[PDB]
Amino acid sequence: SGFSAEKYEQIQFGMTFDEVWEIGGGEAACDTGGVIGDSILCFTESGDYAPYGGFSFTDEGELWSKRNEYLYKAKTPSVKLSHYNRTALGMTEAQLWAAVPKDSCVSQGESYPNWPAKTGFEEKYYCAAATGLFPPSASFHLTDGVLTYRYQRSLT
């Protein structure tokens, strides 16, 4: 029926708008236009802070960007300010996951900004310190496997 993490995973870079709309669940599950513009947004539930996926397309109609919030929950929410303090812009992905426990994190997005070129591949990780709504967290973005963004809110 409706949108789901499984549908999110079935959606792949390069797919057409129509392909993504179909996989996401079409009219019943997704929307385009208004403030969404040319993009597509699909929610897995009703109400505020529902989990969702957002998909954006190049001028040729091909998927270059996937984003989501809440489609996945960390296996082991456990990130600490101590871990965060041992990250720094420019560190490699290997260094990042040696400093921070990856099981405390999930993906909130991937994109190929130069699609169909695959250079500058961006991955967005969200690491929750606890279960539940609006936990303390850190965010880490990788660009071709190097840390290009780090942020934390309320970590202990």
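Counting begins at 1, following the sequence as shown.
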Could you check which stretch, 47-55 or 104-112, carries the larger mean CA temperature factor in the entry?
47-55
Hey, which bit's got the bigger mean C-alpha B factor in the entry, 23-31 or 84-92?
23-31
From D38, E62, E123, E69, pick the one with the largest CA B-factor in the entry?
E69
Position of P136 among the chain's modelled residues by C-alpha B-factor, lowest, middle or highest third
middle
C-alpha B factor of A99, ranked within the chain: lowest, middle or highest third?
middle
Name the third of the chain's ranked CA B-factors that contains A129, choosing lowest, middle or highest.
middle
